[PDB]
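To start, the structure under review is shown below, and the notes come after it.
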Amino acid sequence: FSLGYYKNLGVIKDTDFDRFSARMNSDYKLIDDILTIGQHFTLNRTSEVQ
Amino acid sequence: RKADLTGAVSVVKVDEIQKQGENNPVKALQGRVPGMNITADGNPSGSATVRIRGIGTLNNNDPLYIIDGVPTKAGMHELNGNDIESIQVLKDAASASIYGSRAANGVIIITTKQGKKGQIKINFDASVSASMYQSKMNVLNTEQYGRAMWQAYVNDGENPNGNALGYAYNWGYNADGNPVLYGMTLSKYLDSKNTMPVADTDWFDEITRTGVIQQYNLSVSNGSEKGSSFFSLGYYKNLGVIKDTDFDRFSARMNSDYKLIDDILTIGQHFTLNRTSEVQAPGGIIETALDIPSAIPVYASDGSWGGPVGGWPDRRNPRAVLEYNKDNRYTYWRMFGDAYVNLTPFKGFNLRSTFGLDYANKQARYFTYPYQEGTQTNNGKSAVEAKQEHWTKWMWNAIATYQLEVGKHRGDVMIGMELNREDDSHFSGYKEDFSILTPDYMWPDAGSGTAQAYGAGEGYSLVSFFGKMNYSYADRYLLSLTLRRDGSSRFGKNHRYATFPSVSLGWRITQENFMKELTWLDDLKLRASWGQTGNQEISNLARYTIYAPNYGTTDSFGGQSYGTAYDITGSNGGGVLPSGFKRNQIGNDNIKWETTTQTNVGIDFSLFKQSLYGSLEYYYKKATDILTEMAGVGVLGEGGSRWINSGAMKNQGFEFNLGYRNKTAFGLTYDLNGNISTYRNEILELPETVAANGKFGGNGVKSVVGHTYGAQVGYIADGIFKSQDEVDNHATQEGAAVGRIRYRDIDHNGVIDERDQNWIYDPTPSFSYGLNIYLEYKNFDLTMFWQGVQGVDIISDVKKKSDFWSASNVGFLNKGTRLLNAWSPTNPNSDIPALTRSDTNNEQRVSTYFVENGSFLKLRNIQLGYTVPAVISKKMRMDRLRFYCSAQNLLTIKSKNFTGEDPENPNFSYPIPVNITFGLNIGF
Amino acid sequence: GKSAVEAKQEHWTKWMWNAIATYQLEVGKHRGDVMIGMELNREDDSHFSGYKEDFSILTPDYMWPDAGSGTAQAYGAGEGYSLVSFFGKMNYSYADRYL
Amino acid sequence: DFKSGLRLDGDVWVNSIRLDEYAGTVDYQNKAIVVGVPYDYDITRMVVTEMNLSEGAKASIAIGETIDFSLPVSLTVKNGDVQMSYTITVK
Amino acid sequence: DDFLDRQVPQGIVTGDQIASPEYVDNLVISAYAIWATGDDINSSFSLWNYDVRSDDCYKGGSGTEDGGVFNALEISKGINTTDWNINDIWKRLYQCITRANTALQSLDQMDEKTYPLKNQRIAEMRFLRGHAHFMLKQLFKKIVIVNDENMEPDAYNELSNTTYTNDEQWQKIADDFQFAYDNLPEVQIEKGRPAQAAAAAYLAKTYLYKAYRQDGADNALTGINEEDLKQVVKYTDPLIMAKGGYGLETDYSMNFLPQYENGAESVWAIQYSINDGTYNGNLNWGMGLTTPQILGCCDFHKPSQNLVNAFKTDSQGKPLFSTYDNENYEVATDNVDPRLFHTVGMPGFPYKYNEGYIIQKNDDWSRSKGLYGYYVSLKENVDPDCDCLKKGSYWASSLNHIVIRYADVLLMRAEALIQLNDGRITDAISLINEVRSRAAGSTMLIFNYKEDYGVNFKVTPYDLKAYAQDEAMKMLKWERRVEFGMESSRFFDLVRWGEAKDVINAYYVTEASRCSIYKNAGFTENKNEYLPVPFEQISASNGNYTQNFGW
Ligand SMILES: OC[C@H]1O[C@@](CO)(OC[C@H]2O[C@@](CO)(OC[C@H]3O[C@@](CO)(OC[C@H]4O[C@@](CO)(OC[C@H]5O[C@@](CO[C@]6(CO)O[C@H](CO)[C@@H](O)[C@@H]6O)(OC[C@H]6O[C@](O)(CO)[C@@H](O)[C@@H]6O)[C@@H](O)[C@@H]5O)[C@@H](O)[C@@H]4O)[C@@H](O)[C@@H]3O)[C@@H](O)[C@@H]2O)[C@@H](O)[C@@H]1O
Ligand SMILES: OC[C@H]1O[C@@](CO)(OC[C@H]2O[C@@](CO)(OC[C@H]3O[C@@](CO)(OC[C@H]4O[C@](O)(CO)[C@@H](O)[C@@H]4O)[C@@H](O)[C@@H]3O)[C@@H](O)[C@@H]2O)[C@@H](O)[C@@H]1O
Ligand SMILES: [Mg+2]
Ligand SMILES: [Mg+2]
């Protein structure tokens with residue numbers, strides 16, 4: 001499980017870019033490792049003025 | 001185990017919740033919680049209305065849902081309900097105050113599934129069901145419609161052959177002179193163009209079908225000493241009984257928790273992703289299907305949609321309406337997440353920081369295909385409407401808790417700071433003049449006509465500082481004190497913040513030494529609580545004098561758009577007209593929090609070694625300074641509506657929960673859960689304009705103050721006139737005649753007028769009860785949940801068009817089948833008024849005739865299941881395996897005084913079907 | 001003095017389904033892996049925008065299409081595509097020397 | 001379970017009629033049969049010779065009836081429980 | 001702590017900001033536009049819904065139950081003070097007053113030299129407010145005079161309708177028109193704004209209504225005010241209208257044809273526009289219910305056989321004062337005023353001068369299956385191929401709604417002169433003759449009717465000679481009836497004259513033979529000539545509003 005935040009104000013005025021991110025990965029082994037169920041999900045939100 | 005342990009807490013059994021197999025767990029718990037009313041129309045979605053402890057406020061009465069510590073008010077039909085560990089209903093202000101500042105109308109805590117320590121498990125559930133239409137409203141066929149029209153004509157004295165609807169009646173007189181109808185004949189085509197042949201059409205059967213429901217859930221959890229995790233995937237689909245209406249939902253939930261540094265630190269998260277796609281039925285589709293006469297064919301001679309022609313009433317084709325609405329599908333994405341961090345510096349101290357997020361997205365595309373159904377048309381209007389909506393709610397929490405176990409005293413002290421921010425926005429584009437007229441082609445770029453753009457945004461913020469203190473002495477005396485300082489962005493700076501205290505006392509009588517000999521009395525607890533909670537659920541722009549530049553681009557029915565655009569030059573438009581501003585509301589800078597004071601007294605008992613358990617509650621709710629939207633005096637004009645603290649509501653209620661579980665000598669395990677509750681609502685104060693206009697009751701005739709919320713004032717129908725002597729003997733009234741409704745003279749003035757009205761409607765049941773029976777015997781489990789309501793009255797709008805002829809908006813509409821048994825000299829033993837073509841007596845007025853006994857008792861759910869024996873399960877290498885067949889809404893009992901059907905849904909809303917379900921559960 | 005607002009919305013939805021069957025053999029000094037697979041891809045894109053004119057206050061809070069009092073325009077489009085694939089792979093190793 | 005059993009599926013069209021020895025033209029839009037006769041012909045004692053209706057249809061007038069056609073004559077064609085009214089004009 | 005202050009209202013203007021000098025023209029336009037956008041199908045500012053009580057027209061629709069409250073009003077039986085239509089019309093007229101008052105309050109706080117047209121805008125706002133007050137006074141005898149723009153919203157609860165008597169309320173209404181006449185320009189470049197001539201004409205109308213005194217609790221006429229009559233004459237003097245450039249149109253149908261909007265006779269008119277950027281245009285949605293069944297639906301406001309017989313004339317060109325209603329009008333034998341074919345569309349005749357749409361006595365043209373007759377109103381309707389007609393769930397046209405007509409001004413002057421009886425009866429007869437001559441000449445679109453349907457047109461001016469007061473009054477009443485038929489003023493004229501009870505009872509008795517709707521109809525002497533004050537409003541303003549006499 002990971003949570004990330006990034007923000008960058010550009011050298012040019014009134015231009016910027018920020019990003020929130022959240023990643024969740026998991027894997028499950030079942031029945032003497034015969035079965036496996038895994039997932040990798042990520043959620044990102046980037047707000048930008050170009 | 002109750003979270004509060006000293007307040008009004010109801011624990012809901014999630015196993016019996018999932019036994020019903022409903023998309024919405026809230027709808028599943030329809031009658032399993034005392035003092036909690038769930039009303040569900042029955043649409044493919046699980047959308048339902050929840051009222052806890054009756055109506056407690058004039059503004060929004062929805063309860064507060066808290067899923068994994070994240071407060072929300074959105075419905076649970078749009079989330080996954082098959083991954084819930086526990087459901088707790090907090091109905092007391094003192095107990096539920098600490099969970100949020102929006103706990104005025106009750107709180108529902110939902111704890112989702114988490115990986116149990118030291119094991120890994122998986123569960124796959126499949127379910128397929130068929131939903132059938134049961135409350136098929138009976139309407140006149142072609143012959144019955146002709147007979148009713150002839151009866152009305154001969155009763156009124158006009159010539160039935162002058163109906164000009166293609167009916168030719170062969171009729172005569174009997175010995176007594178009463179008209180009789182020997183036979184009838186019909187013209188083949190309803191029009192002179194020979195395009196609309198006459199037919200006997202079952203419109204309800206045409207617009208209804210057999211719906212299919214399919215549910216597939218796959219959950220898997222894994223726990224350990226260093227952490228745990230859980231992952232669930234769910235799919236639900238429901239085709240409604242009404243054609244071209246459906247609702248499907250995909251869901252994916254991921255939960256995890258991690259323990260670090262000798263369990264000093266903890267990091268957890270609960271996230272869920274949902275995608276629901278729905279096509280909804282058009283408004284009043286059932287009403288249109290009932291109204292349209294059965295003589296209209298579904299299809300014309302050339303294959304186009306059939307429609308009224310000539311003198312037939314102007315009602316659209318319901319089948320064509322559904323066919324055109326089948327493309328109005330909306331997609332809804334829900335991102336409901338939470339991340340928390342917990343730190344324990346030492347044994348008693350805990351610091352928890354929680355961040356919650358609730359992002360909602362809605363994308364829809366509504367089409368307006370040209371239609372021409374006989375004389376019903378929109379002049380070939382083709383249009384498209386692309387709409388987008390965003391809801392973003394984020395919550396931050398900080399909780400510091402300390403626990404002490406000195407001597408026999410247990411002391412918990414908690415402080416907390418919470419921030420909430422909600423931002424909503426929406427925008428839509430509208431385009432016209434399309435050519436191909438298909439969903440693929442209909443896009444705003446492809447449009448070649450007038451374009452419109454709409455858009456709005458709003459939001460609010462909440463700040464809360466709360467404190468809680470719990471003290472326990474000898475594990476026998478319990479005291480709880482909480483304080484809350486709440487502020488909202490909806491109020492001015494002077495009245496931004498408010499303070500709410502709450503106190504709770506509890507006494508475990510069974511722990512006292514003076515009844516140690518009472519072995520049968522396993523446990524007995526007496527608790528009381530007095531709490532105050534705050535309400536601010538009002539419009540975001542409540543304290544501002546709103547002036548809006550309403551140009552007039554919004555569609556309005558009847559032309560009362562109240563727009564601001566005038567051709568001041570006088571050139572019939574041809575360009576951008578000058579515009580301006582209009583007042584929407586008058587600001588009020590003195591609005592403050594609504595204060596709700598709740599007093600609760602409860603007794604919990606457990607007898608015979610936890611075999612017979614139960615609880616009895618009595619509650620008094622008093623809401624004061626209610627924020628209400630009082631309208632203008634009338635000469636103040638538009639924008640006179642304003643928010644004011646001039647309300648007062650009272651709710652006295654009793655609740656009784658009982659349960660008995662025991663075994664049997666030959667191996668039968670029976671579990672009975674009983675429930676019964678009652679309440680009384682009363683309005684004590686109200687603004688003068690509100691009382692006059694009767695928005696909350698009284699129909700604008702008498703003030704609702706001192707009466708139940710929603711009570712109605714109308715006339716009293718004392719049977720019907722059966723002879724001219726009776727008509728003369730009765731007090732004079734306009735339109736009185738033989739076979740007409742007789743109205744009681746309340747004031748004995750000799751004339752029926754406005755003053756002859758009294759209180760006739762009370763939407764408060766005498767008591768609502770529920771019963772759950774669970775029988776286990778030789779791997780066979782039978783579950784049976786009944787729900788009943790007694791002493792409730794309902795205003796029947798269906799009676800308006802099923803008991804009268806020409807009492808609707810327009811004449812010659814289709815009516816109910818029971819209209820045939822109307823009073824006549826040939827049919828004296830009847831109570832339905834005689835048919836007539838003109839409402840001279842004004843029978844559309846509110847009266848006791850339309851008030852019926854809504855009491856009912858329906859088998860909400862039945863389910864028979866067989867579990868594969870454990871030895872066969874282990875031989876086949878999978879865990880718990882179960883098959884089941886269930887029926888929902890299979891059987892119901894209604895009072896004989898109810899002329900209609902389905903007392904729960906006695907109006908033209910969406911019907912409630914009977915569900916027959918077959919399902920299986922596998923544990924591997 | 002042209003005052004206008006442009007509210008734009010775009011959606012991209014791509015979903016992929018995969019099915020892979022793999023077998024491995026370690027007979028003698030020969031290592032043999034055989035894999036077969038079926039893949040489906042579907043992409044659907046859409047976008048729509050509203051355009052409004054003739055505003056008065058000229059601030060982001062006030063500038064909304066409802067608050068606009070001028071000519072309005074609407075734009076919108078949608079597209080997509082689909083992919084189907086059937087693939088097979090075979091790996092042979094002899095003496096851990098020839099691949 | 002809902003149908004009234006009125007037997008509304010019958011057809012009431014009129015294919016063609018012949019008065020004496022003069023066939024008539026039928027317009028279904030206005031339900032009008034027009035029979036053209038010579039100017040000196042006497043139409044006060046016309047005789048119906050044939051009337052080809054639909055299957056199962058029954059008309060008010062019978063084949064072989066003597067009618068005075070100095071004015072338009074109304075005709076009703078009935079099939080089961082449906083009916084249609086035509087007007088016959090001899091010009 | 002800016003957390004609770006960061007978010008602000010979106011897309012709105014606050015009350016403190018709405019008083020800025022740059023929004024005054026916007027508020028003026030809002031007050032103008034309420035008269036075109038603030039009306040409903042059941043509550044139109046033309047008041048045709050509430051004019052069905054007269055003998056001019058019935059109520060259309062499927063039947064009696066279609067708009068049951070309006071059927072109760074039409075039959076004058078079973079009318080309740082708790083009527084949604086009555087409450088709605090009260091609320092809508094007071095909403096118009098509220099917009100005008102807001103504009104006036106904004107205007108009053110501006111600098112004269114900074115805003116040169118301040119007085120003109122104030123005059124226009126006072127004119128609109130007075131128009132709304134006049135309409136309210138016509139509908140309800142006792143009304144609240146809201147003429148204080150600088151008045152707090154909290155003080156509105158103390159307003160009462162008995163603060164001023166009937167004469168005082170009429171004077172308060174006329175004061176606004178006096179100010180408008182004083183301050184308005186003689187000619188307006190924008191046809192939407194009223195002119196000085198329009199203000200003067202409407203002031204003359206107010207003074208004419210004030211002249212017929214209704215002192216006492218009952219609604220009975222008490223006398224005629226010579227001072228008010230002289231004021232009417234002074235403000236209807238032809239010099240004012242000559243300066244304003246207003247006069248009778250050369251043809252009667254030019255007033256209602258869309259091609260001749262804002263004509264000479266259009267003294268003032270609500271401007272309705274099409275395809276002007278809104279959802280469907282500022283169309284006349286109040287007339288939406290009056291479109292014929294050939295357009296698909298609605299079909300309300302059907303004229304009456306009594307009105308057709310009134311239009312019927314004799315062989316000398318004068319209206320039949322005593323035998324007009326004995327027999328129904330016959331197209332082939334009876335001389336008819338040409339105004340009938342512009343007002344009422346009879347069966348067998350082109351609909352709105354369109355040969356492709358011939359009105360027939362079948363169900364395709366009457367929704368009620370002959371219950372309300374088959375006649376179709378034509379003044380408020382347009383040609384189906386006009387391109388000024390649009391379907392916005394109700395067929396509505398961009399045709400302007402004329403409120404004041406030069407014909408109305410002339411007939412008002414004639415009424416004032418006749419009631420004065422100071423030797424100007426000859427002048428009144430001259431005005432009536434002018435109107436009749438205009439009617440006679442108005443045959444530009446129906447000239448072919450003589451050779452197409454055998455229609456005999458015969459209308460002649462009255463002979464100029466000495467006339468008795470009662471004879472002149474009867475002739476004027478007949479001229480008003482045949483001129484403003486279907487224009488929603490017959491009932492108000494009857495109430496003002498005081499013969500409303502007798503006329504309505506006679507109409508009920510006469511029409512009960514040919515219509516079964518009037519079987520139980522009955523008019524009360526001192527109750528049914530004014531709408532009751534709404535019960536909801538009376539309850540809301542407790543101890544402040546008094547119900548009208550007889551209720
Ligand atoms: O009196 C009942 C309640 O209405 C109140 C509310 O305070 O005031 C009346 C209120 O209603 C308005 C509507 O703006 O006028 C209604 C009034 O107008 C009359 C003439 O006086 O008739 C109007 C003509 O319009 C027609 C259609 O051309 O009828 C409209 C009729 O149909 C409706 C909905 O009807 C139902 C109700 O759900 O839905 C189906 C479909 O009609 C019917 O079976 C039901 O009756 O809408 C018409 C449909 O067209 C659509 O645009 C899409 O198809 C949708 O809008 C609807 O689905 C309603 O608009 C209305 O009921 C035509 O038949 C009539 O001749 C009169 O008949 C009617 O009473 C408004 O002016 C007024 O303010 C209160 O009095 C009271 O509480
Ligand atoms: O105009 C209101 C009137 O129309 C209806 C349906 O025609 O609502 C339309 C508008 O309701 C909105 C605004 O809240 O949302 C409701 C619909 O969206 C759904 C999607 O799941 O619900 C979303 C969200 O809204 C609640 O219903 C209210 O809090 C919550 O229960 C739920 O979580 C869907 O359930 C609703 O149909 C907006 O999206 C529509 O434009 C009627 O609802 C209403 O009477
Ligand atoms: Mg009484
Ligand atoms: Mg115009």
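Residues are referred to by chain and number: the chain letter is A, B, ... according to the order shown in the structure tokens, the number counts from 1 in that chain, and ligands are numbered separately from 1 in the order shown.
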
Q. Could you pull out all residues of chain A with a DSSP call of strand (DSSP E or B) and give them as a PyMOL selection string?
A. chain A and resi 2-9+16-30+35-49

Could you list, as a PDB file with N, CA, C and O atoms, in the first residue's frame, all protein and nucleic acid residues with an atom at most 12 Å from ligand 3, counting only C-alpha atoms and all ligand atoms?
ATOM      1  N   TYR B 715     -63.186  16.719   3.456  1.00  0.00           N
ATOM      2  CA  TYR B 715     -64.588  16.511   3.771  1.00  0.00           C
ATOM      3  C   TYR B 715     -64.793  15.108   4.335  1.00  0.00           C
ATOM      4  O   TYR B 715     -63.875  14.285   4.382  1.00  0.00           O
ATOM      5  N   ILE B 716     -66.015  14.826   4.770  1.00  0.00           N
ATOM      6  CA  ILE B 716     -66.388  13.514   5.283  1.00  0.00           C
ATOM      7  C   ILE B 716     -67.513  12.981   4.412  1.00  0.00           C
ATOM      8  O   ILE B 716     -68.563  13.622   4.283  1.00  0.00           O
ATOM      9  N   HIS B 730     -81.155  15.514   3.103  1.00  0.00           N
ATOM     10  CA  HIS B 730     -79.816  15.976   3.431  1.00  0.00           C
ATOM     11  C   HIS B 730     -79.711  17.489   3.264  1.00  0.00           C
ATOM     12  O   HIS B 730     -80.496  18.122   2.555  1.00  0.00           O
ATOM     13  N   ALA B 731     -78.724  18.068   3.943  1.00  0.00           N
ATOM     14  CA  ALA B 731     -78.471  19.495   3.827  1.00  0.00           C
ATOM     15  C   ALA B 731     -78.091  19.849   2.396  1.00  0.00           C
ATOM     16  O   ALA B 731     -77.470  19.058   1.680  1.00  0.00           O
ATOM     17  N   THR B 732     -78.483  21.049   1.975  1.00  0.00           N
ATOM     18  CA  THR B 732     -78.276  21.456   0.594  1.00  0.00           C
ATOM     19  C   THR B 732     -76.791  21.528   0.263  1.00  0.00           C
ATOM     20  O   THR B 732     -75.971  21.963   1.076  1.00  0.00           O
ATOM     21  N   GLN B 733     -76.444  21.059  -0.932  1.00  0.00           N
ATOM     22  CA  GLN B 733     -75.074  21.123  -1.410  1.00  0.00           C
ATOM     23  C   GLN B 733     -75.091  21.176  -2.928  1.00  0.00           C
ATOM     24  O   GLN B 733     -76.030  20.699  -3.571  1.00  0.00           O
ATOM     25  N   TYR B 743     -71.985  14.430   1.656  1.00  0.00           N
ATOM     26  CA  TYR B 743     -70.960  14.988   2.526  1.00  0.00           C
ATOM     27  C   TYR B 743     -71.588  15.438   3.835  1.00  0.00           C
ATOM     28  O   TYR B 743     -72.621  16.117   3.831  1.00  0.00           O
ATOM     29  N   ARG B 744     -70.967  15.058   4.945  1.00  0.00           N
ATOM     30  CA  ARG B 744     -71.497  15.388   6.259  1.00  0.00           C
ATOM     31  C   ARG B 744     -71.402  16.886   6.521  1.00  0.00           C
ATOM     32  O   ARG B 744     -70.431  17.541   6.135  1.00  0.00           O
ATOM     33  N   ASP B 745     -72.421  17.425   7.184  1.00  0.00           N
ATOM     34  CA  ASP B 745     -72.427  18.821   7.613  1.00  0.00           C
ATOM     35  C   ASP B 745     -71.824  18.882   9.010  1.00  0.00           C
ATOM     36  O   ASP B 745     -72.488  18.568  10.001  1.00  0.00           O
ATOM     37  N   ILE B 746     -70.557  19.289   9.090  1.00  0.00           N
ATOM     38  CA  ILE B 746     -69.847  19.254  10.363  1.00  0.00           C
ATOM     39  C   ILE B 746     -70.381  20.316  11.317  1.00  0.00           C
ATOM     40  O   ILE B 746     -70.609  20.043  12.501  1.00  0.00           O
ATOM     41  N   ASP B 747     -70.592  21.537  10.830  1.00  0.00           N
ATOM     42  CA  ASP B 747     -71.024  22.631  11.690  1.00  0.00           C
ATOM     43  C   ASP B 747     -72.537  22.792  11.748  1.00  0.00           C
ATOM     44  O   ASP B 747     -73.020  23.687  12.449  1.00  0.00           O
ATOM     45  N   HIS B 748     -73.290  21.952  11.036  1.00  0.00           N
ATOM     46  CA  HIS B 748     -74.755  21.968  11.068  1.00  0.00           C
ATOM     47  C   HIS B 748     -75.316  23.336  10.684  1.00  0.00           C
ATOM     48  O   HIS B 748     -76.303  23.805  11.254  1.00  0.00           O
ATOM     49  N   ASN B 749     -74.684  23.982   9.706  1.00  0.00           N
ATOM     50  CA  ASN B 749     -75.177  25.255   9.202  1.00  0.00           C
ATOM     51  C   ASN B 749     -76.247  25.090   8.132  1.00  0.00           C
ATOM     52  O   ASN B 749     -76.839  26.090   7.713  1.00  0.00           O
ATOM     53  N   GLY B 750     -76.507  23.861   7.685  1.00  0.00           N
ATOM     54  CA  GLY B 750     -77.494  23.604   6.663  1.00  0.00           C
ATOM     55  C   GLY B 750     -76.974  23.631   5.243  1.00  0.00           C
ATOM     56  O   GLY B 750     -77.723  23.289   4.321  1.00  0.00           O
ATOM     57  N   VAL B 751     -75.719  24.019   5.034  1.00  0.00           N
ATOM     58  CA  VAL B 751     -75.134  24.105   3.703  1.00  0.00           C
ATOM     59  C   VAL B 751     -73.714  23.559   3.755  1.00  0.00           C
ATOM     60  O   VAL B 751     -72.978  23.801   4.717  1.00  0.00           O
ATOM     61  N   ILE B 752     -73.335  22.807   2.728  1.00  0.00           N
ATOM     62  CA  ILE B 752     -71.991  22.254   2.625  1.00  0.00           C
ATOM     63  C   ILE B 752     -71.101  23.288   1.947  1.00  0.00           C
ATOM     64  O   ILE B 752     -71.397  23.741   0.837  1.00  0.00           O
ATOM     65  N   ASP B 753     -70.013  23.659   2.610  1.00  0.00           N
ATOM     66  CA  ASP B 753     -69.116  24.683   2.093  1.00  0.00           C
ATOM     67  C   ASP B 753     -67.703  24.371   2.577  1.00  0.00           C
ATOM     68  O   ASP B 753     -67.411  23.248   2.999  1.00  0.00           O
ATOM     69  N   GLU B 754     -66.820  25.371   2.506  1.00  0.00           N
ATOM     70  CA  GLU B 754     -65.432  25.180   2.912  1.00  0.00           C
ATOM     71  C   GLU B 754     -65.327  24.806   4.384  1.00  0.00           C
ATOM     72  O   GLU B 754     -64.471  24.003   4.769  1.00  0.00           O
ATOM     73  N   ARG B 755     -66.180  25.390   5.223  1.00  0.00           N
ATOM     74  CA  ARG B 755     -66.080  25.189   6.661  1.00  0.00           C
ATOM     75  C   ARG B 755     -66.473  23.783   7.091  1.00  0.00           C
ATOM     76  O   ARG B 755     -66.273  23.435   8.259  1.00  0.00           O
ATOM     77  N   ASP B 756     -67.019  22.974   6.190  1.00  0.00           N
ATOM     78  CA  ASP B 756     -67.388  21.593   6.495  1.00  0.00           C
ATOM     79  C   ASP B 756     -66.244  20.626   6.204  1.00  0.00           C
ATOM     80  O   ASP B 756     -66.405  19.635   5.496  1.00  0.00           O
ATOM     81  N   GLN B 757     -65.069  20.913   6.759  1.00  0.00           N
ATOM     82  CA  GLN B 757     -63.903  20.054   6.617  1.00  0.00           C
ATOM     83  C   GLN B 757     -63.286  19.810   7.984  1.00  0.00           C
ATOM     84  O   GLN B 757     -63.360  20.659   8.877  1.00  0.00           O
ATOM     85  N   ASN B 758     -62.672  18.640   8.141  1.00  0.00           N
ATOM     86  CA  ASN B 758     -62.064  18.243   9.400  1.00  0.00           C
ATOM     87  C   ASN B 758     -60.807  17.436   9.109  1.00  0.00           C
ATOM     88  O   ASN B 758     -60.446  17.202   7.952  1.00  0.00           O
TER      89      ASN B 758
END

Q: From region 127-220 of chain E, collect each residue whose DSSP state is helix (DSSP H, G or I) and return the set as a VMD selection string.
A: chain E and resid 127 to 139 153 to 158 166 to 183 196 to 211

(Q) Taking only C-alpha atoms into account and nothing else, which residues of chain A lie no more than 10 Å away from chain B? Please answer as a PyMOL selection string. (A) chain A and resi 1+3+22+24-31+37-39+41+43

Output N, CA and C atoms for every residue in the selection just made, as a short mmCIF file (atom, residue, chain, number, x, y, z; two decimals), in the first residue's frame.
data_model
loop_
_atom_site.label_atom_id
_atom_site.label_comp_id
_atom_site.auth_asym_id
_atom_site.auth_seq_id
_atom_site.Cartn_x
_atom_site.Cartn_y
_atom_site.Cartn_z
N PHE A 1 0.85 -1.19 0.00
CA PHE A 1 0.00 0.00 0.00
C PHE A 1 0.88 1.24 0.00
N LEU A 3 1.05 5.64 -0.71
CA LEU A 3 0.41 6.94 -0.86
C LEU A 3 1.47 7.96 -1.27
N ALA A 22 -2.53 6.70 -4.96
CA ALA A 22 -2.73 5.66 -3.96
C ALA A 22 -2.75 4.31 -4.66
N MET A 24 -2.69 0.03 -4.26
CA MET A 24 -2.94 -1.13 -3.42
C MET A 24 -2.73 -2.39 -4.24
N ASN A 25 -1.78 -3.22 -3.82
CA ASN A 25 -1.52 -4.50 -4.46
C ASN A 25 -1.67 -5.61 -3.43
N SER A 26 -2.12 -6.77 -3.89
CA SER A 26 -2.20 -7.93 -3.01
C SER A 26 -2.22 -9.20 -3.84
N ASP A 27 -1.79 -10.29 -3.21
CA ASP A 27 -1.89 -11.62 -3.80
C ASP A 27 -2.15 -12.63 -2.70
N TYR A 28 -2.99 -13.61 -3.00
CA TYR A 28 -3.47 -14.59 -2.03
C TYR A 28 -3.26 -15.98 -2.61
N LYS A 29 -2.68 -16.87 -1.81
CA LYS A 29 -2.42 -18.25 -2.21
C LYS A 29 -3.32 -19.18 -1.42
N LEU A 30 -4.02 -20.08 -2.12
CA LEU A 30 -5.06 -20.89 -1.52
C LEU A 30 -4.93 -22.34 -1.97
N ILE A 31 -5.43 -23.23 -1.12
CA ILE A 31 -5.52 -24.67 -1.39
C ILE A 31 -4.15 -25.22 -1.75
N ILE A 37 -5.07 -15.63 -6.23
CA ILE A 37 -5.90 -14.50 -6.62
C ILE A 37 -5.15 -13.23 -6.28
N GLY A 38 -4.88 -12.40 -7.28
CA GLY A 38 -4.12 -11.19 -7.07
C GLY A 38 -4.80 -10.00 -7.70
N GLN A 39 -4.44 -8.82 -7.20
CA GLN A 39 -4.96 -7.58 -7.74
C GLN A 39 -3.92 -6.48 -7.57
N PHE A 41 -4.20 -2.27 -8.01
CA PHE A 41 -5.04 -1.13 -8.32
C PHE A 41 -4.31 0.15 -7.96
N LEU A 43 -5.04 4.61 -7.95
CA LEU A 43 -5.92 5.76 -8.07
C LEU A 43 -5.08 7.02 -8.10
#
